[PDB]
Each structure stands twice: as C-alpha cells, then as structure tokens.
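Please read the structure below before turning to the comments.
Every number in this text was worked out from the coordinates using simple rules, so none of it is lab data. Here the Cβ positions follow ideal geometry from the backbone for every residue, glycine too, while neighbour counts run over all protein chains shown.
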Amino acid sequence: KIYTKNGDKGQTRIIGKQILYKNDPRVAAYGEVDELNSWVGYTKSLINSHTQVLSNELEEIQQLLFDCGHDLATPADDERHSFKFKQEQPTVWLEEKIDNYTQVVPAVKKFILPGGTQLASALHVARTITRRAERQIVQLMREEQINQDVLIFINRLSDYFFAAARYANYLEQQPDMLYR
Amino acid sequence: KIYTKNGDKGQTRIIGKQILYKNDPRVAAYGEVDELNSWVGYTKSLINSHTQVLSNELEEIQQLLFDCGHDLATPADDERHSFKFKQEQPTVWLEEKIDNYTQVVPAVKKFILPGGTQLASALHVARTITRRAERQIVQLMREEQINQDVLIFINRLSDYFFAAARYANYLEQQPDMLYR
Amino acid sequence: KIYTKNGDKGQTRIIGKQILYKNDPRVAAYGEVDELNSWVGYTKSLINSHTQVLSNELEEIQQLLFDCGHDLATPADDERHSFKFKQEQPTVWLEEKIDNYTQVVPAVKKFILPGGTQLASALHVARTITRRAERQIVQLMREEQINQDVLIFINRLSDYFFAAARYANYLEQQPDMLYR
Ligand SMILES: Nc1ncnc2c1ncn2[C@@H]1O[C@H](COP(=O)(O)OP(=O)(O)OP(=O)(O)O)[C@@H](O)[C@H]1O
Ligand SMILES: Nc1ncnc2c1ncn2[C@@H]1O[C@H](COP(=O)(O)OP(=O)(O)OP(=O)(O)O)[C@@H](O)[C@H]1O
Ligand SMILES: Nc1ncnc2c1ncn2[C@@H]1O[C@H](COP(=O)(O)OP(=O)(O)OP(=O)(O)O)[C@@H](O)[C@H]1O
Ligand SMILES: [K+]
Ligand SMILES: [K+]
Ligand SMILES: [K+]
Ligand SMILES: [Mg+2]
Ligand SMILES: [Mg+2]
Ligand SMILES: [Mg+2]
C-alpha cells in the first residue's frame, strides 16, 4: 500500500532519519519542486505536431527536477546521504537553449504579456511556478545549509521557460502581445 | 451583488463571528482547499471517452472538499457551528480506489515522473496541489485546534490522486516514464 | 542575454534601488500576480467559438495585472518612481461585468462546485489563484505601505472570475453543479 498513514498527524520523513512537520520550509521547498515537475508533465501533454521539437527537453527537465528535489530533501550534515546535483552541465544546457530561442524569435524591448498558444501559455505558467519554487528554496536557504547548485539551476530554469514560451509561440506563428 | 466590498481592507469573515486578515493561516488553509477544488473541476473537464469511469468520483471529491473547507473555516470553540466532516467513510472509499488502481496498473519500484496523458498529468497536478493544501492545514494545526479528520482525509487524497493518475495513463495505454 | 546570473545567490532588484531576498513578502506578492497573469493567458488560450466574447476582456485584465505588479514592486517611499494604478475605472469596469454576468445566468442560492466546461473550470482556477495572490498582498500590506488600490482591484477581480466562470458555462449551456 502506498498509504502508510504515518503522515496522518502532520509529520513526515525527509532523506535520512529526520522527521519534520509538513509545513517545514524544507518540505515546502521540495514540495514546490514536485508541483513544478507535475506542471511540466502537464505542459508536455500539450505538445502537438508544430511543437514536437520541445518534447524531449521537457522530459529531461523532469529528470533534473527529481535530482533537485532529492538534494533539497537532504540535510547538509547527513552522513549517509550526499548531494548529487551539480549545476554546471544542466545550467549550460539551459543557457544554450535560452540563447538559441532568444535569437530565433522576433526581438522585443517591451514586456510581453504571458500567453498565446496553449503550449506557450503553459510554459509561462511553468515559468511562474518555477519562480514560486525558487522563493521557497530561498526561504529554506535562509534557515539551513542547502546545495546552492539547485538554486542556480532553478533561477536559470525560469529564464528557460520564458524563452521556450516565446519559442512555442514562434513555432505556431502566434504573435506575442506586448504590455501597452 | 456578490461584491460586498467588505474585504477591500484585507479582513474577511470566517464561519461564526470572527474576522481575520486574509493571510491568516486559517484563511490560507481553506483557500488552498478551494484552489484544489477548482483544479479538480478543471481535471474533470478533461475526461474523454477512454476515461469516463473517473468522472463521477472526481465530482464526489469536490463535494467532500467543500465539507473539508467548511470545517477548516470553523473555530473549534465556536458554539453555534460544529464540525461536520468525519474521515472514516470517505477515507476508506479513497483507500478502496487506491487499492484497485494500484493493483490494476503495471507494477513499478522506481519513481515515476509525473505526466503522460493530459488527464493523468492533471491528476498529478491535483496530487501536488493537495499536498500544498496539506502543508497549509498543518500550519494552521500548529496554531489552532482543527478537525484532524480533515488532515487524515487530505493526506490520503494525494495518494488517491497518484493512484488515479497512473490509472488514467493505463486507461489510454500510455506508459508511465520512470526516473533514471 | 535574459540571464544575468545576478539572482543566483537569492537576492533580486525591485523597482528603484532596493534589493530583497526572493522570498521577501514584496517579491512573493508581485510574483503571485505574475503567476495569476500567466494563468489568465492560459485561460484565454482555451477560448472557443462559443466563448469568443470573453477573449478581449481577459487580455485587458492581463494589462491591468501588469500595472498592479508594477505598483506592488514599488516602495511607497521611492522618490524616483510613483504608483500608477488607480482602482476606480478598472474596478467599476469589473463590477459592470459582474452585474451583467450575474443577471444573465441561472439564479442559485447554493454553493456551486467549481467546474463545468474547460474554460469555466479555468476561470475558477483563476478565481482561486487571484485569491491566493490577494492573501500575499495582505501579507505585504501588514509590513509595508502599499497602493491599497491594488488590493481593492484584486479583491473585486476574484468576484469577476466567479461571475465569468458561470457565464462561460452559460455560453456552452453547461449546467453548474451545486454543493449537496
Ligand atoms: N504535504 C506534503 N508536501 C510535500 N512533501 C510531502 C508532503 N507529505 C509528505 N511529503 C514528502 O513526500 C514523501 C512522500 O509523501 P507521503 O505522502 O508518502 O508521506 P506521508 O504523508 O508522511 O505518509 P502517508 O501519506 O503514507 O501517511 C514524504 O516521505 C515526505 O518526504
Ligand atoms: N483571498 C482570500 N483567500 C481565501 N479565502 C478568502 C479570501 N477572501 C475571502 N475569503 C473567504 O471566502 C469567503 C468569500 O470571499 P469574499 O471574496 O466574498 O469575501 P470578502 O473579500 O471578505 O468580501 P468582498 O469580496 O465582498 O469584499 C469569505 O467570507 C472568507 O471566508
Ligand atoms: N523567484 C522570483 N519570484 C518572483 N519575482 C522574482 C523572482 N526572481 C526575481 N524576481 C523579480 O522579477 C524580476 C525579473 O526576474 P529575473 O529572474 O530576471 O531576476 P534575477 O533572478 O534577480 O536575475 P537573473 O535571473 O538574471 O539571475 C526581478 O528583477 C525581480 O523583481
Ligand atoms: K503515502
Ligand atoms: K465577494
Ligand atoms: K533573468
Ligand atoms: Mg532569475
Ligand atoms: Mg501523505
Ligand atoms: Mg473578496
């Protein structure tokens, strides 16, 4: 049974031996990353023939978000479990995509209102849920030692979702609307 | 008029005579349950010919979430209003579904990335919004006496959404993807 | 490059010279408004031939939410930047729509469960995300001087989304379901 009932009184296990209240900032941080991961799954389910080129990288992001969650669930002083997430390669990978998608779409200097195609709009939702998760991670960092590589990656990831959302509109030739 | 303007300065009425700031943990708790309820409505709107068997129980969950919200909005010491939510029957009902859906889908021991069909992905989003609401309920419980039956049910409900999401993928023969 | 990396350590610039941690209540408040704005974009992407009459006003709301975010990002004592958002005209505009949509749909005295068509369900999600943003704005207001016009408008806006959701169901002749 996936239901153990052990969480019925409001406490839960993290990685290692510690238990925490479910509203503890650590649990909120990796919980928000799980919410983001689920939204990325939902976004991927909206891919169509015009936007197939985005499918594989969204799946890759889901794998990465699991790695980020793992590290957020791991206390820095846990002897039996180490941080596994290293920002450099995944973050450079995001930056290459951001560069490519920024270059290819029509240039703007004005704010774009988030929207357009259903997929582009979902990528803007991903952008903002990523940023909400990021706020939670910073709340955790102010109380506990974290793997700061996760913060670097999560920061860059919301720029990826912005750039990808504009690219998704481009792929269907849907214009972005500007803030008046 | 549904707009009374009484909330324009940031305070609002709960059940009974009390008013609270809108960011009070009580208001946040039943507000998050309302957000979950709206997401469940959205998820139900995605039902298709393959997944019709899930429609009625999602509606039932919406009725239950209203009952949970009511109790969260009710102070334990309110003389004129009592708790109405009793966990036993609805929670056993969820567990029977969890058992049936766990049994029928392909077995895994590895983490599944949340996604697949649009409905399954939406059920994973429901899973994570349920868990966010749960965190809020625990925040409330640490400051005020609550109907702990709501916490039991909300805990079990996110396991229901996990099991139902895998079942929704099964109903369309969409494989779950595993964490590498 | 849209990625400056300046946020990689958890601090960010608001309007004017101040930097704040990303979990600061000010950043959370306008961050939640950005999340709402993205959800409004997503909702607009669901418009169909039955519901085209709702498209333009959703776009207008997105423009207004940018104005609200701007003011939330602006300290009251910032000498170089002023509040731009004035509630009266946009709020009266919302109230006229609320009146018109309340009048036209079938009357109820009982709670409606949030759902129905995909668009109506998305408008209920908008309703609840608006209310979450509102809670964040009240958290900010309790610590800092804000443009209270934003709070007035955001309060009224969740009533707009309720009324519009019922109207979206009406436009497709989808009944609302009542709480038993
Ligand atoms: N509401 C929540 N939000 C975020 N993370 C959670 C929440 N509840 C539990 N967790 C984390 O996710 C893991 C899996 O959740 P799960 O629901 O199985 O835990 P539980 O609630 O403690 O147990 P059970 O649900 O079996 O009573 C937990 O071990 C914990 O790390
Ligand atoms: N932002 C919010 N988040 C969660 N719950 C809320 C919020 N605002 C109000 N509530 C709760 O939901 C009920 C209905 O909300 P409603 O918007 O009608 O209240 P209000 O904002 O106090 O009044 P009004 O909107 O008419 O000025 C309230 O009585 C209160 O219990
Ligand atoms: N996680 C967040 N949530 C909400 N608002 C944010 C967040 N991060 C930054 N902001 C606000 O949004 C604006 C744009 O965000 P952006 O990501 O460009 O900032 P940054 O993270 O400080 O910089 P960079 O991402 O280039 O390292 C910021 O100037 C700040 O006002
Ligand atoms: K469980
Ligand atoms: K109201
Ligand atoms: K940036
Ligand atoms: Mg950033
Ligand atoms: Mg649980
Ligand atoms: Mg209100």
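The Cα-based radius of gyration and maximum Cα-Cα distance (Dmax) for chain A are 17.8, 55 Å.
For peptide B:54-62, the mean count of partner chain Cβ atoms within 10 Å of a residue's Cβ comes to 1.
Computed about the Cα centre, the dipole magnitude for the stretch C:11-180 is approximately 560 debye when only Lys and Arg (+1) and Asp and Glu (-1) carry charge, each at its Cβ. Value of Rg to Rh for the protein assembly as shown, rounded to two decimals, is 0.93; Kirkwood radius and Rg both from alpha-carbon coordinates.
Taking the C-alpha atoms only, the angle from helix C:55-72 to the longest principal axis of chain C is near 30 degrees.
So which residue, out of A:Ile146, A:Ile19, A:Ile61, gets the largest mean-square fluctuation from a GNM of chain A using Cα contacts under 10 Å as springs? In this elastic network of chain A, the residue with the biggest mean-square fluctuation among A:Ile146, A:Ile19, A:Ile61 is A:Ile19.
Counting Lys and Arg as +1 and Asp and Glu as -1, each charge on the Cβ, what is the dipole of the protein assembly as shown about the Cα centre in debye, to the nearest 20?
140
Applying both filters, DSSP loop and at most 15 other Cβ atoms within 10 Å, to the trypsin sites (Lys or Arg not before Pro) of the stretch A:43-100 gives A:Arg80, A:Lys84, A:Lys86.
Shape analysis of the stretch B:19-97 places it in the oblate category; the axes a ≥ b ≥ c from the Cα gyration tensor give an a/c of at least 1.5, with a/b not above b/c. Taking every residue in C:155-164 and counting other chain Cβ atoms within 10 Å of its Cβ, the average works out to 3.
Of the GluC sites (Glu not before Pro) in the stretch A:119-180, the ones in a loop by DSSP (not H, G, I, E or B) with at most 11 other beta carbons within 10 Å are A:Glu143.
3J(HN,Hα) along the stretch C:150-161, derived from phi through the Karplus expression 6.51 cos²θ - 1.76 cosθ + 1.60 where θ = phi - 60°, amounts to 5, 5, 4, 5, 5, 4, 5, 4, 6, 5, 4, 5 Hz, with x in place of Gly and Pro.
Counting other C-beta atoms within 10 Å, which of A:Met177, B:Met141 has the fewest, and how do the rest follow? Spell out each step's value before the answer.
Details: A:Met177 18, B:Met141 22.
Ranking A:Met177, B:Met141 by Cβ neighbours within 10 Å, fewest first, gives A:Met177, B:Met141.
Sum -39500 (n - 2.57) across every DSSP H segment of at least 4 residues in chain C, then divide by the residue count to get the 222 nm mean residue ellipticity, nearest 500.
-20000 deg cm²/dmol
Compute log10 of I(q)/I(0) for the stretch A:45-141 with the Debye formula, placing one identical point scatterer on every Cα and leaving out solvent, at q = 0.17, 0.18 Å⁻¹, to two decimals. For the stretch A:45-141 at q = 0.17, 0.18 Å⁻¹, log10 I(q)/I(0) is -0.99, -1.08. Remark: mean inter-chain Cβ contacts per residue of C:67-73 equal 1, using a 10 Å Cβ-Cβ cutoff to other protein chain atoms. Measuring against 28 Å, Cα to Cα, the residue pairs B:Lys84/C:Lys44; B:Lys17/C:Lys86; A:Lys84/C:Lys9; B:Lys22/C:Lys5 contain B:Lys84/C:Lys44; B:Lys17/C:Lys86; B:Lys22/C:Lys5 as the ones spanning a longer distance. Contact order for chain A, expressed relative to its length and based on alpha carbon pairs under 8 Å spaced 6+ residues apart, stands at 28 percent. With the convex hull constructed from alpha-carbon coordinates only, the stretch A:94-163 shows a mean projected area of 5.3 nm² over all directions. With kT/(6 pi eta Rh) evaluated at 4 °C and eta = 1.567 mPa s, and Rh the Kirkwood radius from Cα pairs, the stretch A:72-127 diffuses with a coefficient of 87 µm²/s according to Stokes-Einstein. For the stretch C:29-116, applying the loop criterion from DSSP together with a ceiling of 16 other beta carbons within 10 Å to the GluC sites (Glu not before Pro) yields C:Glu79.
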